[PDB]
Amino acid sequence: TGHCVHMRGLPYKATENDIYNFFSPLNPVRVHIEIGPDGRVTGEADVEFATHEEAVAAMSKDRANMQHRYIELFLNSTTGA
């Protein structure tokens, strides 16, 4: 669908909208929210953006979700998309 950006270490309140609205005030053109059982555990997701430029603006704050603390936030795409 879009660009995409990866996340590992997500908390017991992980949701698709949770993860991308902390990545920043961004708009993923898609999300996949991916975890242990049901959205509560170690989460392991990827999110699909309006370009390396939407997603690199996500690459600005990393540490910033889990009770103020950190997730493996990393690009994996190119602005093609």
# chains A, B, ... in the order shown; residues from 1 in each chain; ligands from 1
call {"tool": "residues_around", "arguments": {"residues": "residue 73 of chain A", "least_positions_apart": "6", "cutoff": "6 Å", "atoms": "only C-alpha atoms", "output": "count of residues only"}}
result
3
call {"tool": "select_by_dssp", "arguments": {"residues": "chain A", "states": "strand (DSSP E)", "output": "ChimeraX atom specification"}}
result
/A:5-6,30-32,46-48,74-75
call {"tool": "closest_residue", "arguments": {"among": "A:60, A:65, A:76, A:51", "to": "residue 1 of chain A", "atoms": "only C-alpha atoms"}}
result
A:51
call {"tool": "residues_around", "arguments": {"residues": "residue 67 of chain A", "least_positions_apart": "6", "cutoff": "12 Å", "atoms": "only C-alpha atoms", "output": "compact mmCIF listing (two decimals) with N, CA and C atoms, in the first residue's frame"}}
result
# COMPACT_ATOMS: atom_id res chain seq x y z
N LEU A 10 6.54 -3.40 21.69
CA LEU A 10 5.30 -2.68 22.03
C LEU A 10 4.63 -3.14 23.35
N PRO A 11 3.95 -2.22 24.05
CA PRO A 11 3.34 -2.45 25.37
C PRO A 11 1.96 -3.15 25.33
N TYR A 12 1.44 -3.46 26.53
CA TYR A 12 0.11 -4.06 26.78
C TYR A 12 -1.12 -3.22 26.40
N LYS A 13 -0.93 -2.00 25.87
CA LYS A 13 -1.97 -1.13 25.29
C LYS A 13 -1.75 -0.80 23.80
N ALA A 14 -0.86 -1.53 23.11
CA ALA A 14 -0.66 -1.44 21.68
C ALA A 14 -1.97 -1.63 20.87
N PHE A 22 1.72 7.99 17.95
CA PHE A 22 2.93 8.31 18.72
C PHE A 22 4.17 8.41 17.82
call {"tool": "closest_residue", "arguments": {"among": "A:74, A:69, A:79, A:55", "to": "residue 21 of chain A", "atoms": "only C-alpha atoms"}}
result
A:55
call {"tool": "closest_residue", "arguments": {"among": "A:50, A:41, A:66, A:58", "to": "residue 20 of chain A", "atoms": "only C-alpha atoms"}}
result
A:58
call {"tool": "closest_residue", "arguments": {"among": "A:64, A:57, A:43, A:31", "to": "residue 4 of chain A", "atoms": "only C-alpha atoms"}}
result
A:31
call {"tool": "closest_residue", "arguments": {"among": "A:40, A:45, A:30, A:78", "to": "residue 2 of chain A", "atoms": "only C-alpha atoms"}}
result
A:30
call {"tool": "atom_distance", "arguments": {"atom1": "atom CA of residue 72 of chain A", "atom2": "atom CA of residue 39 of chain A"}}
result
16.9 Å
call {"tool": "closest_residue", "arguments": {"among": "A:70, A:59, A:75, A:9", "to": "residue 24 of chain A", "atoms": "only C-alpha atoms"}}
result
A:59
call {"tool": "atom_distance", "arguments": {"atom1": "atom CA of residue 18 of chain A", "atom2": "atom CA of residue 33 of chain A"}}
result
9.7 Å
